[PDB]
Structure formats: structure tokens, C-alpha cells
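Worksheet: the structure to be examined is printed underneath.
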Amino acid sequence: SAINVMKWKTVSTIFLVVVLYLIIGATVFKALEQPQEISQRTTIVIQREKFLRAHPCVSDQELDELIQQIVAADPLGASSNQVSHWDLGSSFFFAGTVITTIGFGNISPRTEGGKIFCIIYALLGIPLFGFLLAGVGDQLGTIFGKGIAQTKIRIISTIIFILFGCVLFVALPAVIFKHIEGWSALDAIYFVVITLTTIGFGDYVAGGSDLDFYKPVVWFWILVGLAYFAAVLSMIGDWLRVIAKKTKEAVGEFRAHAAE
Amino acid sequence: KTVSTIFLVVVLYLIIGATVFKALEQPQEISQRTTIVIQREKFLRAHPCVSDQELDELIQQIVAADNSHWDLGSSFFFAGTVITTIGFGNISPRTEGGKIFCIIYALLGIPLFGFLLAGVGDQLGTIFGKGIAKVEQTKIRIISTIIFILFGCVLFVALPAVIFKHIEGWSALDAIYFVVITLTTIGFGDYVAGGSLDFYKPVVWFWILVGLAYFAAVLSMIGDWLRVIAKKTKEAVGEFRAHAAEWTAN
Ligand SMILES: CCCCCCCC
Ligand SMILES: CCCCCCCC
Ligand SMILES: CCCCCCCC
Ligand SMILES: CCCCCCCC
Ligand SMILES: CCCCCC
Ligand SMILES: CCCCC
Ligand SMILES: [K+]
Ligand SMILES: [K+]
Ligand SMILES: [K+]
Ligand SMILES: [K+]
Ligand SMILES: [K+]
């Protein structure tokens with residue numbers, strides 16, 4: 001049971017590194033988001049007061065319960081007639097979000113039957129889509145293997161892999177998203193990263209804004225791009241332990257010599 | 001590539017799910033969307049000083065309000081959602097540098113968290129191994145897997161959902177719904193435990209840490225069950241065609 005002691009040491013150290021990494025990212029995001037927050041938090045109260053004052057004739061407090069009744073929309077007399085969010089197409093993009101575990105959450109089920117089905121549908125879809133993604137990844141890895149046909153040559157081959165990768169699966173689809181969805185250059189690249197890393201905040205969605213040839217390419221862009229980041233995230237993880245183990249040899253060697 | 005036709009089965013599984021969700025969600029959509037129209041007209045008539053016009057400006061500036069959070073701790077939990085690939089989206093980055101940092105922070109954190117979760121999973125798999133090597137011939141393997149899934153759904157689904165039901169104010173289904181959506185790394189964000197003061201939220205993120213390793217094992221077994229079912233349906237298709245050809249010969 002000595003190897004179990006050796007495992008628990010490594011596990012606890014990784015968890016201490018993860019916490020540090022989380023603390024670092026925490027401080028950086030809040031040092032990047034708190035400023036625009038407080039500006040918006042004060043300029044929304046300016047608009048509250050300047051439209052309570054212009055119209056004190058509401059039962060003034062209901063503005064806040066009104067806003068609550070509007071955060072439930074999370075309509076107007078103009079275009080009181082819309083299209084669905086669970087139409088013949090969006091439900092098949094939402095079934096895709098469930099099995100891919102990207103879960104943008106822009107439209108989530110509200111029926112108890114829908115919630116229970118979504119649970120069973122995920123528990124069966126996540127493994128099934130895993131076999132699909134594995135088959136697609138093996139297929140594309142052999143397409144790359146055919147096209148690439150000692151250690152220095154294989155580093156060059158990994159470089160040209162990552163290059164065509166960001167070209168086909170990052171550059172081109174982001175430009176397509178920038179064109180049709182009307183996003184910026186960063187918003188497109190941000191959307192590509194958040195989608196194919198299976199994070200999917202839902203702040204940007206390709207099928208959210210209201211050609212029907214658009215989407216069949218989207219979910220099958222998503223399918224193959226997931227195989228791509230799967231390889232890329234695996235290479236990044238491999239890079240992390242190589243750096244991690246050689247920083248461990250350097251610290252042990254640093255300490256040991258102690259400037260002679 | 002004949003095996004790679006799983007694609008087509010996945011597309012069916014999607015088309016099937018599609019027809020089910022629109023048969024489960026588009027109805028109440030209409031009920032909700034017609035009960036919103038009634039509310040608006042109930043607000044212009046009941047408040048005649050507010051006109052058609054002031055309402056539109058109000059709705060616009062609140063849809064803009066859709067775009068305290070990022071506090072000393074909520075940014076830590078955002079980072080937790082980033083590396084776990086759960087990404088509730090309840091609080092998303094808006095700064096240009098915040099977006100780029102979020103990109104880089106994910107590309108580097110997701111592998112790191114993968115190593116952590118792998119270490120926690122191996123550690124918990126051996127903790128499980130100690131208990132079951134004691135409680136646990138060919139048939140017994142099924143009972144052992146039953147005891148795994150049974151006692152795991154207790155610790156990582158039942159008990160934390162009851163905790164969420166009481167404390168967070170959800171239903172039994174909303175709790176179980178949240179548990180699955182979270183620990184399957186899907187995370188729509190419709191329900192978030194700490195999305196709606198340093199003790200409820202770290203206990204959850206430690207739960208999340210260990211429950212992810214739990215569903216990871218559960219999802220892998222289910223995939224293995226699917227593999228067994230698929231091979232045994234293939235051998236049954238070969239049986240059916242073989243005797244159907246037998247019969248045609250007769
Ligand atoms: C990002 C942290 C770098 C050092 C890792 C922890 C060293 C103990
Ligand atoms: C005991 C192992 C510590 C490793 C820290 C590495 C920092 C880059
Ligand atoms: C859930 C039922 C799917 C039908 C099985 C597919 C056999 C080719
Ligand atoms: C190859 C046949 C797939 C059957 C899947 C059924 C899962 C309920
Ligand atoms: C409430 C149960 C709904 C059934 C969906 C398969
Ligand atoms: C040590 C097991 C914890 C289950 C929640
Ligand atoms: K998500
Ligand atoms: K989300
Ligand atoms: K994952
Ligand atoms: K995921
Ligand atoms: K996700």
C-alpha cells in the first residue's frame with residue numbers, strides 16, 4: 001500500500017495547484033469585470049430614478065416587481081406574433097446540446113416531463129455521443145496520418161497539425177459566425193472556444209438570434225471541432241506534465257545546490 | 001467506417017429527442033407566451049399614465065440590463081465553472097480582456113482540472129475497491145455493480161439533492177434535475193446553487209469535485225452497456241438474416 005501513499009501525495013498537490021490556479025483566475029476576472037459592473041450598476045439606477053421621476057404615477061414600487069416580472073422573460077405590441085424556441089429545428093439543436101454536454105442553456109425545459117426526459121436523454125446520449133466523437137476523432141486522426149506521411153520531424157508535424165486545426169475549425173467558422181450572426185472578431189473566436197471546449201456559457205449562441213442551411217453545418221461543425229479540441233486539450237495536458245515534472249527536477253536541484 | 005455509421009444512429013437519437021422535446025415544451029411555451037401578453041395589457045390599462053411607448057423603452061433597457069456578481073468569491077466560482085467545462089453562464093465575461101483571459105484560462109485549466117479529477121477518481125475508485133473487495137462468482141459482478149450504482153446515487157444524487165431542496169428552495173425534481181445537469185458537465189444555468197458566506201458554496205464545489213468523478217464512472221459504464229447491447233443486437237441481426245435466408249431456400 002506504499003503506492004497508494006505515493007498517489008495521495010500527488011493528488012493532494014494537484015488539488016493545491018488547482019486551488020492556486022482558481023484563486024489566480026478569480027482575482028483576474030474580478031479585476032476585469034468589477035469596473036464595468038459598478039458602472040452599469042450605477043447607470044441602471046440612474047435610469048430607474050429618471051423614469052420613476054418621469055412617471056411617479058405607477059405604484060412606484062411595482063417597477064421593481066415589474067422588472068422581476070420581466071426577468072421572467074429571461075413581446076411588444078409591435079410583433080405580438082413570434083416564432084417558437086421549441087420548433088421543429090431548435091429542439092434538435094437542444095437535443096444536441098444535451099448529448100454534447102455543451103448546454104448553452106439559452107432555452108431550457110420547463111415541463112416536469114421535459115426535465116425528466118432530459119435527464120434520461122442525457123444519461124443515454126452522453127455515452128452514445130462519446131462513441132460518435134471517438135469514431136470521428138479516429139477518422140480525422142487517420143486522415144491527418146495519411147497526409148503527414150526523427151523527434152524533430154514529429155514536432156514539426158504537430159505544428160502543422162495545430163495550424164490547419166485553427167484554420168479549419170477556428171478561423172473559418174468564426175469568420176462565418178462573424179458574417180451571418182453579426183459578431184465581432186473576438187466574439188466569434190470567443191464563441192468557438194467556449195463551444196468546442198464543451199463549456200457553453202450561452203452568452204453567445206449560433207442558433208439563438210432570430211438560412212436553415214446554417215445550422216446543419218453548425219452542429220456538424222460542432223461535432224468535428226469537438227474531435228479537434230479533444231486532441232488539442234490532450235496535447236496541452238501532455239505539455240503540462242512535462243513542464244510540471246521538469247519544474248520538479250529544477251526545484252529539487254535548486255534546493256540541493258543552494259548556490260554551492 | 002461501417003462502425004462509424006454510429007453518426008446516423010446519433011442523428012436518429014437526436015431527431016427522436018427533438019420530436020420529444022417539442023412534444024414536451026412547445027405547449028407550455030404557448031401558455032407562458034400568451035400569459036405574458038395578458039400581463040402587458042394588464043399594465044397599460046391598469047396604469048393609464050404609462051403608454052405604449054414608455055413600455056417599449058422600458059423593455060429595451062431591461063433587455064440591455066440582461067447583459068453582486070464577480071465579487072471576491074463569485075469570480076472563484078466562475079473559474080470553477082470554466083475549468084470543469086460546466087459553464088452555467090449565470091455570470092459570463094463581458095470585458096474584451098476578460099474574454100481573452102477566459103479563453104486562455106480555459107485552454108490551460110481544462111487539462112489541469114482533468115489531472116485533478118483523474119487523481120480524485122483513482123483515489124475514490126480505490127476507496128470504493130476497499131469496500132467492495134470485502135462485501136463481494138460470475139453472477140456476483142452484476143450485484144457488485146448494482147451496489148456501486150445504488151450507494152453512489154445515494155451519496156452523490158440523493159443526499160445532496162435533499163440538501164439543495166431544503167436550503168436552496170427547489171423541488172425534488174428540480175434538485176435531481178440540477179444534480180444531473182451539473183455533474184454531467186452540461187450546466188444549462190437555469191438552476192444554479194450559488195447563482196441566485198463561505199460555507200454553503202465550498203461544500204458544494206467539493207461535492208461537485210467528487211460527483212463529477214462519480215458520473216464519469218457512471219457514464220463510462222453506460223457506454224459499456226451500450227457497447228454490449230450493440231454487439232448483441234448485431235449478432236441477433238446476423239441470426240435473423242441467416243434463418244430468413246434458410247427459410248427462403250426452403
Ligand atoms: C501558477 C502557480 C505556479 C507555481 C505552482 C505551485 C508551486 C508550489
Ligand atoms: C511537490 C511538487 C511541487 C511542484 C510545483 C511545480 C511548480 C511549477
Ligand atoms: C432507442 C431505440 C433506437 C433504435 C435502435 C437502433 C438499432 C439500429
Ligand atoms: C446499435 C444499436 C443501438 C441501440 C441503442 C439503444 C439504447 C437505448
Ligand atoms: C412526466 C413523465 C413524462 C414522460 C416522458 C417520457
Ligand atoms: C467521502 C465520501 C463523501 C461522499 C459525499
Ligand atoms: K454549459
Ligand atoms: K450554460
Ligand atoms: K468533459
Ligand atoms: K462538458
Ligand atoms: K457544459
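Using ideal geometry, Cβ is built from the backbone for each residue, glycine included, and neighbour counts are taken over all protein chains shown. None of the figures in this text is laboratory data; all of them are computed from the coordinates on show.
Calculate, for A:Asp210 and B:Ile16, the FRET efficiency according to 1/(1 + (r/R0)^6) with r their C-beta to C-beta distance and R0 41 Å; round to the nearest 0.05.
On the way: r = 26 Å, r/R0 = 0.63.
Working from the Cβ atoms, E equals 0.95.
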Run lengths n ≥ 4 of DSSP H only: what is the helix-derived mean residue ellipticity at 222 nm for the protein assembly as shown, with -39500 (n - 2.57) per run over all residues, to the nearest 500?
-25500 deg cm²/dmol
Separation between Cα centres of the stretch A:11-87 and the stretch B:14-46, rounded to whole Å:
23
Bins of 5 Å from zero: percent of alpha-carbon pairs in the stretch A:191-260
3, 13, 16, 14, 11, 8, 8, 7, 6, 6, 4, 3, 2, 1, 0
Taking the Cβ of A:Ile70 as the center, what net charge do the other residues with Cβ under 11 Å away carry, scoring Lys and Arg +1 and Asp and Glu -1?
-3
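Quick one: net charge of A:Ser91's neighbours, Cβ under 9 Å, K/R +1, D/E -1? Walk me through the numbers before you get to the answer.
Working: positive: B:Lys22; negative: A:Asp87, B:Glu25.
Charge balance in the 9 Å sphere: -1.
Note down the net charge around B:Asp174, summing +1 for each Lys or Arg and -1 for each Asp or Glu among other residues with Cβ under 13 Å from its Cβ. Let's see the in-between values first.
Values: positive: A:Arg110, A:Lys115, B:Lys165; negative: A:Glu112, B:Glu168, B:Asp190.
That sum, taken over residues with Cβ under 13 Å, equals 0.
Across peptide A:12-20, what mean number of C-beta atoms from other chains lies inside 10 Å of a residue's C-beta? Display every interim value, and only then the final one.
Values: counts 2, 2, 8, 5, 1, 3, 11, 2, 0.
The shielding value for this peptide is 4.
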Per the protein assembly as shown, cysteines lacking a partner by the 4.7 Å Cβ criterion
A:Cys118, A:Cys166, B:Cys102, B:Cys153
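With Rg and the Kirkwood Rh both taken from Cα atoms, where does Rg over Rh land for the protein assembly as shown? Don't skip to the end; give the middle numbers.
Working: Rg = 25.8 Å, Rh = 25.8 Å.
Taking Rh as the inverse mean 1/r over Cα pairs, Rg/Rh reads 1.00.
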The stretch B:75-215: Rg/Rh from Cα coordinates, Kirkwood Rh?
1.03
Could you tell me which residue out of A:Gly113, A:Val19, B:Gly195 lies farthest along the dipole of the protein assembly as shown toward its positive end? Charges go on the beta carbon: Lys and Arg +1, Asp and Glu -1, centred on the Cα centre.
A:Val19
In a solvent-free Debye calculation with one equal scatterer on each Cα, what is log10 I(q)/I(0) for the stretch A:155-220 at q = 0.12, 0.14, 0.18 Å⁻¹, listed in the order of the q values?
-0.33, -0.44, -0.68
Rounded to 0.05, the calculated FRET efficiency for the beta carbons of A:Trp8 and B:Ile229 at R₀ = 51 Å is 0.85
Using the alpha carbons of the stretch B:38-102, what is the convex hull volume per residue in cubic angstrom, as a whole number?
130
Determine the distance separating the Cα centre of the stretch B:134-162 from the Cα centre of the stretch A:88-118; give it in Å without decimals.
28
Where Rh is the Kirkwood radius over the Cα pairs of chain B, the temperature 20 °C and the viscosity 1.002 mPa s, what D in µm²/s does Stokes-Einstein return?
93
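Which loop trypsin sites (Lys or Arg not before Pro) in the stretch A:28-68, with loop taken from DSSP, have no more than 13 other Cβ atoms within 10 angstrom of their Cβ? Write out the running numbers ahead of the final one.
Details: sites: A:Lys30, A:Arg41, A:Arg48, A:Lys50, A:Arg53; in loops: A:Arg53.
Those satisfying the criteria are A:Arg53.
Other chains' Cβ within 10 Å of B:78-85 residues: what's the mean?
Working: counts 7, 11, 4, 2, 7, 5, 2, 9.
Mean partner-chain Cβ count within 10 Å for B:78-85: 6.
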How many partner chain Cβ atoms sit within 10 Å of a residue's Cβ in peptide B:211-221, on average, as a whole number?
1
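Which number comes out as Rg/Rh for the stretch B:1-59 once both Rg and the Kirkwood Rh are worked out on C-alpha atoms? Don't skip to the end; give the middle numbers.
On the way: Rg = 21.8 Å, Rh = 15.2 Å.
The Rg/Rh ratio comes out at 1.44.
Which value, in debye to the nearest 20, gives the size of the charge dipole of chain B about its Cα centre, when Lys and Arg are +1 and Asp and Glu are -1 at the Cβ?
Numbers: 19 positive and 20 negative charges, 218 e Å.
Here the size comes out at about 1040 debye.
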